[PDB]
DNA sequence: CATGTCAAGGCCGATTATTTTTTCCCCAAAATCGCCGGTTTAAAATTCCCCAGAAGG
DNA sequence: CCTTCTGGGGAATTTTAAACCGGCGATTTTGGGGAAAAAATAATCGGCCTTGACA
DNA sequence: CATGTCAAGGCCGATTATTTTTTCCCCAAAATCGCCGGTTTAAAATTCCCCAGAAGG
DNA sequence: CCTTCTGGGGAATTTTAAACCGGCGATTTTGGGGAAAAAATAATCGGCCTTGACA
Ligand SMILES: [Mg+2]
Ligand SMILES: [Mg+2]
């Protein structure tokens, strides 16, 4: 099959009026081919034909069943399996036929969705790994909060993912935004959800009362479907692939301060690809309504019996309580920072006098 | 030879009643020349001399080989070579014998032929300069087609010199001139040929399809632009590209294609009127930008910064996004055209399209 | 610069004896270029020149320090970092310069080694994942043993990686091979090693006495360097990428039997790439010396006080012991399979009479 | 014209003492023709007639354009065209005027020229059949070079028709013939040109370097093999390829290159003796298979099934593994040659090389 | 002594089978080209009258 | 002193050569059908090289 | 209501700067080609003697 | 009856035409140097599209 140059030359020659024989002689082409290409508006082209039958055709349904349902993409395993079924072919066929399927595996169809301003705050955790601070190992964890409409990323590094730490980071994110969105999206975790009841979302009483105090509602997604919170997950693959990779830190406060400056610099004002607008100039389009702060900092610790005069001794210091506690046993809760609380039957004692009779 | 009139007179005198021998004695010519020319059926014209043998006939095949394949026309190199091969002649013979072939070879370079009606259309490009459209700089380009015979010029401003703009401007030129010419010749450029090797050219696929659809043949082989720029663009007021093209076409119709040449004294209009352009097809070629685009598994496929969302039926596949020069986008999936999605000519954020599809589906 | 075709044509024409001017006219090339190419044994070529200076050159040492020591390969992070240092360039330079480094990162140089016959048996574990058998979840684990010289892979699926299970699988592999190699290579695990002592390999007393009983020596590799046992690790990436992917099983014995048949079919006789010889025809070139089998199947369970007559009751059945145990408390060890043992002060009682007085 | 002898006699008679008027009266020729031819310095030869005007001179440029660019030589198409353009003549004029150009164009196809000494070497390939070497089948191929002038044939058996075998066999042919010819012409094949487009050819890089190192030029343009196979290979006993090549060269030296042609009556040996081959360079080209190979980070890089181990200095890089046809392997890393690793011609397992390096390093 | 290894997938090349395209051969019909002879046109040559110079009555 | 002859120039006609036109014979070209060969595309089989994954 | 998303890397194209190659113009020198005239060679034509046929003394 | 003239054939020489050789004049070609333009390679900057990763 001659190429486009020869066809254009032939058309030129005939339009010039030359004899077919002279065209054939000069172009080194037969006269009949010249004739064919005279009256042919279609120039030479690859002209792909229809795929014909193949040795693998009768086995293709089984190959598809193995590939999709079972999930097999090893060329030789399927070759061995179908050799027992009468396959009289080689392995390159199987590799070539399977290449598209293995290239397009574990990929479903997904529905893109955007929510309304101030009505979806995605929140997620991440165990970054193991780091050494002051010679002591710690399992550091990112906590990330992304506002759905504005994509206003906020992140904080913590040492534990306890309920108290979760609530503290959530409040920090809220005051960072300036308001509490009505719906907060989370993942299936013990703190957020006690469990499941026949596919019914369940939330812990503590978290429910916390949210009622702060006027938001959890909206945990489908179990085992963590793709739902794509915003926060990709905000976590941005922090990790832009900030942590190459970060030098010595103190946790230093790292958090580095992260917040990095956020305000590039993470909160870089024009988002999908929205095309900087997050900071859409962070003011979300309804806000803040509230004061509260916490439940407590640790189950030693007890002390209160004398009949209302005085009890702790670490050599004298503490006086109301006469109602005289003769009863109380729980003294001292944290590593020196904060001291007193409890009785699980209720915090709000009135305490510290008489420094050392 | 001898006078023909003498031969005819001798024949008549023999037929007059005079003995041949007496004729020979009187005329001082033998009786047998008289006898030979008496039976002459026709007058003795130029003697038939048969291929007088020369002094280089044996080497004629060698010299022809040299000239026609080796290409050597000097009369000294080959003179020495034939001397080595046993040549007993001189130089004038070789010079005279090669002179026809020498002039034939020279004529290959004296290309001073005239283009005949409808034969070829010469096309030229140009960077007009730098202009600002909607606050963005752009290197606008002039595109000038020129009929070889009528000399008329069709000029237009286009942002890009890409293949699609080339095809659209060729269509416009054919419409303006009322038909198509046999051959269309350009300057060596990527949109036409994918390189050349000094005598042969590798034509493009889409360009060749276009050319054979409009019945012309491309030709990239090895001023009007500068005149247009010096006489129209300089000192011209315009704020729109469409208005500028309108003004250029008006100027062309008034005082460019109707400007008589000093030598010929005829305006281009009459020359075009006496021109032969083959008809133009009933419909026009689809010069829409042809671009294959993979559609992500979420349906979001991006084209020139605009991310369109499709349905799950065609997610994960590659589709041909034909973009018409006007701005309309047509998506074809394995030949089966898909519903024309919203094509409002206002670049909008992808989240807006997410919302649009989310509300439309439900 | 003309191409090879033009240069060859020019050489042809001059060898033919043509004038320089005629060559120039016919080829459409200037006479001086023709002259240059007449006497030039070097034909036209790409002729790559030397790379010149670049805006990024003064910053390249810092980029290399970030890439290798810190380990940063994000284009924009380094762009931002070096923009503050006076970089007046774009980002494509940085991406292009960094592409080779990111393509060749986390790759050291490694020394290939082969050991002598019957002197290295690599052994490793793997937690395959979570599977459901009879409606009950189980954390299945591969145990793989590869003989260094023969590459004679053996594998067994287990439900736990306890010390007893480890020893049982090791013995099964040994009897599969027919002999105990002198050196057995393991990984840093609690069962194999109690701990570390200033970079000194330490082994548990139980495992040490076990190996002495079976006449082999542990040869645990460098800590944190699990690359040392490449043979077993790739034997584990062969089982997973050839057998488990697409395996249907309902009972653990069925799965182990499937695996052993698959081994004997393709895993033990497929010609190894490096050695070029089937493992089965080099499995007979390794020294062997087996020994009988032993185990420590015990479970800490309930106790029973022995009466003064030597009889004690368990689950309604009467058991008689030697008079030495009269009046003492013993430990009855009953497994789920009904195996019953008796212990006293940690020592198993070997003499017991079961009087079925039900 | 009139007789020159008459003019000379008249001049002498006037110089003899006879009045011009009396001469005119006697000869029946005017006195003034006599006067004109009396002062003749040289005899009156062919009259100088100046470019007799024809009936198609205005159209001569058009006809030349048609013939030399359009290529149309028919005397009917152009006859009608010139009739349209106002042609008042006939057909014989056009036929005769084109006959020179027609025969010149025809001569482009009557390629019946003789190859002169040393000019071109015609090379041909062949699949000899199927043979078994060391228990493995192989499609051996014959390679036959042929001098255009001397007609001698150099034939050799090679397993592969790859480029390196081609270069080695060309070197052997040049050594056998004692020099190199100007041009070497092959059949269209991948090892020489990367495709052609009917008039132009894209030569290879290594092949061109080789050709310009041995001072010849390739030429792929558009029997001896079959004779060799029918007269030597049929009914031949051999168990080695080297022995077969030795026997073929012996046969060529005895009764193939010394077999007189019936027509010429001369053996090829004398024709070669009277041949001009340009000298051969002092050294030979390196036709070692050029293959770039990435070296894994463990130093194990594989070539044709053999996995060699290198040192950490060159681990992770790509090296050029030049394989000489003999079997030796030379590794070059960015120009700096590396120590020639063990190259025993016995394919050995990779574990053996692991052991070798492990014991050598320590 | 401590030392990383093995396999799978993809790509390239070669071989075989089917389909499409190109090339070659024979018979019949048509068209064009070349050579020779005759005629026509253009160019060249020759001859016929007046002015000037030289020679002879 | 004068007359005649000769030489040169101009115009017209004739002759010769070249070119042009028509007819005949030979050769070449074009169209259609059949068979064989070559080229292009798709399918099939085996081997080699490099990279990746569990660590 | 429940619905996956965002960024980074690589590639392509365009623009700018530096280096290499190619092309063009002017002056001086050298070589080759073409035309005209003269000479030589080959081919063609013509003329000069013997045999045959026809006509006239 | 016979003699003379005419026609045809063969050979040699001469004439004409074509071709060949040498010299002169004109034109074309080649080599070197300088300047300008174009092409190729390397470097630089911005944008777009697709894929991958934490889930
Ligand atoms: Mg492990
Ligand atoms: Mg998560």
Partner chain Cβ atoms within 10 Å, averaged over the residues of D:206-215 - can you pull that number for me?
3
Which log10 I(q)/I(0) values, to two decimals, does chain B give at q = 0.06, 0.09, 0.14, 0.15 Å⁻¹ under the Debye formula with one point per Cα?
-0.51, -0.79, -1.20, -1.27
Taking the Cα centroid of region D:242-258 and of region B:250-304, what is the distance between the two, rounded to the nearest whole Å?
69 Å
Set the Förster distance to 25 Å, then compute FRET efficiency between residue A:103 and residue A:83 from the Cβ-Cβ distance, nearest 0.05.
0.55
Against the longest principal axis of chain A, how steep is helix A:4-16, in degrees 0 to 90 to the nearest 10, with axes from Cα atoms?
40 degrees
So for region A:126-209, averaging the separation of alpha carbon pairs under 8 Å that are six or more residues apart and normalising by length, what relative contact order in percent results?
16 percent
What percent does the relative contact order of chain A come to when contacts are Cα pairs within less than 8 Å and at least six residues apart?
11 percent
Give me a single rounded figure for D:106-113: the average over its residues of other chain Cβ atoms within 10 Å of their Cβ.
3
Estimated distance in nm for a label pair at residue C:175 and residue C:160, the labels positioned 7 Å out from Cα along Cα-to-Cβ
2.1 nm
If R₀ is 60 angstrom, what is the calculated FRET efficiency for the pair residue D:239 and residue C:209, using the beta carbon separation as r and rounding to 0.05?
0.35
Using alpha-carbon positions, what is the distance between the centroids of region B:124-185 and region D:1-49, in Å?
76 Å
When the Cα atoms of the protein assembly as shown are enclosed in a convex hull and the volume is divided per residue, what value in Å³ results?
355 Å³
Pop a pseudo-label 7 angstrom from the Cα along the beta-carbon direction at both residue B:293 and residue A:198 and give the gap in nm to one decimal.
4.7 nm
Determine the distance separating the Cα centre of region C:23-81 from the Cα centre of region C:281-341; give it in Å without decimals.
80 Å
If I fit a long axis through the Cα atoms of helix C:230-239 and take the longest principal axis of the Cα atoms of chain C, what angle between them do I get, 0 to 90°, rounded to 10?
80 degrees
Under 1.5 on a/c is rounded, so check that first for region D:288-362, then, if it is not, pick prolate when a/b is larger than b/c and oblate when it is not; a ≥ b ≥ c are the square roots of the alpha carbon gyration tensor eigenvalues.
oblate
Under a plain spin-label model, where a point goes 7 Å from the Cα along Cα-to-Cβ, how far apart in nm are residue B:93 and residue A:20?
4.7 nm
With an 8 Å cut-off on Cα pairs and a minimum separation of 6 or more residues, tell me the relative contact order of region D:321-362 in percent.
22 percent
Nearest-ten-degree value, helix C:252-262 long axis tilted from longest Cα axis of chain C:
50 degrees
Rounded to the nearest 0.05, what FRET efficiency do residue A:70 and residue B:273 give with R0 = 51 Å and r taken as the Cβ-Cβ distance? Could you check?
0.10
Among beta bridges that DSSP assigns inside the protein assembly as shown, antiparallel share in %, nearest 5
85 percent
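Here the Cβ is made from the backbone with ideal geometry for all residues, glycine too, and neighbour counts use every protein chain on show. Each reported figure results from applying straightforward, stated rules to the coordinates on display, with no laboratory input.
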